[PDB]
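Only one structure is covered here, and it is reproduced in the block below.
All heavy atoms count here, side chains included; hydrogens, waters and symmetry mates do not. Counting convention: from 1, in listed order, for ligands and their atoms alike. Start at 1 with the first residue, then count along the sequence.
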Amino acid sequence: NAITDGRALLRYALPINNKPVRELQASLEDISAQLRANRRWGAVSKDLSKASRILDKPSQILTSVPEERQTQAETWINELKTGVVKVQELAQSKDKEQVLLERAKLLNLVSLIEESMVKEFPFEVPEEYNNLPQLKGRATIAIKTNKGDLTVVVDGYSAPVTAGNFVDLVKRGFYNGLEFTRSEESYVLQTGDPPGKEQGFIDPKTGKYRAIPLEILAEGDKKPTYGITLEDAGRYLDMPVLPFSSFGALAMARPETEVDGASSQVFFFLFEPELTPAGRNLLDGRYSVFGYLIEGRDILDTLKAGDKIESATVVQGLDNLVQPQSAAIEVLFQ
Ligand SMILES: [Ca+2]
């Protein structure tokens, strides 16, 4: 009764306001729930007919797309219409495997359309963090390990300071050669500890550890909560927009007693519903999730002692990374 697909969490975290595209999204999302037992084909066909009816009125979606991007979005709508027909044909033969494969392609198109609706960064990051790199949008990072590639999407719309720090460190090569750790009986896979005396990244402008604030956007808020756990904000019951209950959620480690003590140590949470008890965990609202694994699920589960990151690549979204601009408009006189 909770959303556990990281791609879906990321779609819902897009700061958009368009009810039709959300209905289209929900109808296509529902297909996987209906097909988990491979029995409820009527509900699948109802989902596809609803999706088709929404696509029949593209203007109700395109009205939220800025005029610069409307024509790419029209191509995506056309691809969705073609794909829905393809899936309706597959549903007629009750081909669960192909319906699910095509459903993922359709939802990727929905994601692309939804992301094109973000017009302008949704809030002002506190100026006290203007000395830190910030990701004003999404980025996709491919992490090459000795066991294969992990692809993560990091969400600067929900965690611009945290995602910005990560993309900046990736670009600096900080993670190259760093080992993974996973305690014996643990669902937490960690990396980002320099093998040396430092605990994180040293800011070359200051000569000191580049600490980042705790940054957690609570459901329904416009601005992230900075520097305080949701519990300490009096909001223990409120959930993050980017919650922990997805396999491969990527978050910042920090000392338990230092909310603003993170820098480079990160962890993946290998969430498993089957083994997770009913009730809240000790992670949501306390540690900042800033992205999700979207490819490499089987690889992630096998990472352990001795494994390491060989390299990390910014696949998409580098242009969303904003370096500190405080001294960028200063005029010198010699
Ligand atoms: Ca160290």
Side-chain angles (χ1 to χ4, degrees), residues 128-129 131-135 139 141-152 154 156 159-216 226-229 242 244 248-271 282-283 286-293 296 299-314 321 323-324:
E128 55 178 306
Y129 310 127
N131 62 313
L132 299 173
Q134 297 176 21
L135 190 72
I141 308 295
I143 305 168
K144 181 171 176 58
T145 80
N146 58 299
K147 296 195 167 153
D149 282 15
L150 307 171
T151 297
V152 300
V154 294
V161 180
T162 306
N165 175 70
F166 185 73
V167 176
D168 180 70
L169 293 182
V170 161
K171 280 291 294 171
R172 293 176 182 270
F174 184 90
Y175 291 96
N176 296 352
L178 292 192
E179 287 191 350
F180 286 97
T181 55
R182 186 175 175 183
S183 295
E184 260 295 305
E185 292 270 345
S186 173
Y187 297 103
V188 177
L189 172 69
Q190 306 201 245
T191 188
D193 180 24
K197 277 74 70 177
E198 302 303 334
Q199 299 182 276
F201 175 70
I202 303 306
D203 190 341
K205 293 142 157 178
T206 71
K208 294 187 287 184
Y209 185 88
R210 190 172 78 176
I212 68 166
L214 192 61
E215 175 184 50
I216 301 172
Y226 286 95
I228 189 169
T229 66
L242 305 183
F244 273 95
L250 176 62
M252 288 319 285
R254 57 175 187 84
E256 279 168 60
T257 69
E258 298 176 37
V259 290
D260 297 338
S263 164
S264 66
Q265 293 182 54
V266 298
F267 70 98
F268 290 94
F269 179 48
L270 281 57
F271 167 74
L282 304 170
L283 301 178
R286 284 210 308 161
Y287 298 93
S288 176
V289 179
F290 61 96
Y292 294 94
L293 187 80
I299 296 155
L300 193 73
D301 209 10
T302 70
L303 288 166
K304 53 179 49 80
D307 299 331
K308 65 184 180 292
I309 292 168
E310 275 157 28
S311 72
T313 297
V314 183
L321 183 60
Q323 297 296 334

Minimum heavy-atom separation for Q199 to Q265, with atom names? O-NE2, 2.9 Å
Geometry at the Ca ion (ligand 1) - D193 OD1 versus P194 O angle, rounded to 10 degrees: 80°
So, of the N/O/S atoms that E198 has, which is the nearest one to the Ca ion (ligand 1)? O
For a distance under 3.0 Å, tell me if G196 has an N/O/S atom near the Ca ion (ligand 1). yes
Please determine which of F267, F271, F290, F268 meets the ring pair (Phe, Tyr, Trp, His ring centres under 6.0 Å) test together with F244. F267
Just by distance, no angles: are the side chains of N165 and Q134 close enough, under 3.5 Å, to form a donor-acceptor pair? no
Presence of salt bridge, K147 and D301, under 4.0 angstrom: no
